[PDB]
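Here the structure comes first, spelled out in structure tokens, and everything after it is commentary.
No value in this document is a laboratory result; all are computed from the given coordinates. Cβ placement follows ideal geometry from the backbone for every residue including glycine, while neighbour counts extend to all protein chains displayed.
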Amino acid sequence: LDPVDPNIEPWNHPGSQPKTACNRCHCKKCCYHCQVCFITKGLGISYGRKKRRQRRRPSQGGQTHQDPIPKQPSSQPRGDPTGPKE
């Protein structure tokens, strides 16, 4: 775990497939800060996250992030045409 930063850097979704196209729907919103496989396998449950583990807070151009942009989809309804987020 914790290779580059997260396991496969899965903080870049269209907001219409990995979280809408009949995907997982069981471990993505399992009340746990929504980590979705990141620096720790505990899923940010309570091992001691540092937030800076992302090393790309300013990167959110269609990133559909969860911790940095939990505000909304962002860069979707007003940025890149993902699908039904416009």
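Rounded to the nearest 0.05, what FRET efficiency do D80 and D2 give with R0 = 30 Å and r taken as the Cβ-Cβ distance? Could you check? Show your work: numbers first, answer last.
Numbers: r = 29 Å, r/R0 = 0.98.
The value I calculate is 0.55.
Need one number: nm distance between label points at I45 and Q60, each 7 Å from Cα along Cα→Cβ, rounded to one decimal.
Result: 2.8 nm between the two label points.
Report D for the chain in µm² per second (integer): Stokes-Einstein, Kirkwood Rh on Cα pairs, 25 °C, 0.890 mPa s.
On the way: Rh = 13.5 Å.
It comes out at roughly 182 µm²/s.
Just want the ordering: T20, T82, from fewest to most Cβ atoms lying within 10 Å of their own Cβ.
Values: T20 15, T82 19.
So the residues, fewest neighbours to most, are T20, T82.
Stretch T20-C37 to full length: gain in nm at 0.36 nm per residue minus the Cα-Cα span?
Values: separation 17, 0.36 × 17 = 6.12 nm, distance 1.76 nm.
Extra length from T20 to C37 when fully extended: 4.4 nm.
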